[PDB]
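Here's the structure we're looking at; comments come further down.
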Ligand SMILES: N#Cc1cccnc1N1CC[C@H]2OC(N)=N[C@@]2(c2ccc(F)cc2F)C1
């Protein structure tokens, strides 16, 4: 899938984007790859933080759906107008799709100063599309209209101005040069978000010993459009307590653990070995099995002297496996078989003593009971 390798770029903390073209003649736009939402939405009018935007009037193939869409979330919102147009991904498959597009005409706290992207590609399912599930998402259109197999995979690599990060979005298959070792799969629990089930969490090999329902309260999702590992309140608190203890040899301000303040060390002296590894055990395809993905401090301390923000934060909407978990790994969104695969990434972080890992099986009792009953 050689022409698709290295087709993602971004700035640390501001997401990964892919170049796309919209309309005829093609308008080039950078689009954030977001497995946590399901709309294809593009800035369509001027904005302080947008260096270009989609101009429907310049496109001979635009069709207006005469329908508005409002997408409030927090910390923000966007609104716009629905239509269809022809869409292609230059460093993607060699196809062109007529896709729904939300042309964003007003927004608050959505576009990001300096991020270099002008729209979002929601890769999750129709159930969470706005205004409702009848607005076919981009990937659904791509699969229906072209032969492309119903699967994509993401290799996010990450790590003055914020550091540039890179990676690859492989549409339609699995590129075996982007990973090493075995691919382990966890089931997609429900096709809305990419919802999965975490059955155990360890911090430096010590079980947090919570009821596993706590890890998925109210859901756990894999989300390339969120930077941090976000954990439900009780789990977050348990985790930081444990990380504090392992690293207690040093002391950092409260704002660092709140992910607000940076912590800096003389360049090159970053004391990685005082921070523990974190293992998340995901439910396997076999009911009583799991496998673990182990992440290093190189993933959960985000570069911003060498300066870092702690990139684990509290959630009130369940666990979010964001970019800093995904950067460990090659992640396969196997929609056709309703499962998500993980393997150690050719661009994983590691030092001479430790490395990200994907290991299994571990046998674990009653993990169907680790979910939330809708
Ligand atoms: N839109 C939308 C949307 C539609 C449906 C569900 N969730 C959405 N969110 C959730 C909050 C963020 O988390 C994710 N994954 N994407 C969001 C996002 C992305 C980029 C950015 F700059 C700002 C953002 F808030 C938008």
Residues in the range 182-212 near a label at residue 363, defined as backbone nitrogen under 19 Å from the 7 Å Cα→Cβ point? 185, 199-200
Subtracting the Cα-Cα distance of residue 74 and residue 52 from 0.36 nm times their residue separation yields 5.5 nm
Could you work out the relative contact order of the range 1-156? I mean the mean sequence separation of Cα pairs under 8 Å and 6+ apart, divided by the number of residues, in percent. 28
By its C-alpha gyration tensor, with a ≥ b ≥ c as the square roots of the eigenvalues, how is the range 106-225 shaped: rounded for a/c under 1.5, else prolate for a/b larger than b/c, else oblate? rounded
According to the square roots a ≥ b ≥ c of the eigenvalues of the Cα gyration tensor, what is the shape class of the range 149-374, taking rounded for a/c under 1.5, prolate for a/b larger than b/c otherwise, and oblate for the remainder? oblate
Label-point separation in nm, residue 354 to residue 6, each point 7 Å along Cα→Cβ: 3.0
Inter-site label distance for residue 285 and residue 24 at 7 Å from Cα along Cβ, in nm: 4.2
Once the Cβ-Cβ distance between residue 338 and residue 175 is put in as r, and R0 is 22 Å, what FRET efficiency do you end up with, to the nearest 0.05? 0.55
Distance in nm between residue 112 and residue 316 label points, each 7 Å along Cα→Cβ, equals 2.2
Of all the Cα-Cα pairs you can form in the range 62-117, what percent are over 19 Å apart? 46
For the chain, what proportion of DSSP beta bridges, expressed in % and rounded to the nearest 5, is antiparallel? 85
To the nearest 500 deg cm²/dmol, what mean residue ellipticity at 222 nm is calculated for the chain from DSSP H runs of n ≥ 4 alone, each contributing -39,500 (n - 2.57), summed and divided by the residues? -2000 deg cm²/dmol
Decide, for the range 16-148, between rounded, prolate and oblate: order the square roots of the alpha carbon gyration tensor eigenvalues as a ≥ b ≥ c, take rounded if a/c falls under 1.5, and otherwise choose prolate if a/b is larger than b/c, else oblate. rounded
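All Cβ positions, even for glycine, are placed from backbone atoms using ideal geometry, and neighbour counts span all protein chains on display. Readers should treat all values here as calculations from the given coordinates under stated rules, not as data from a laboratory.
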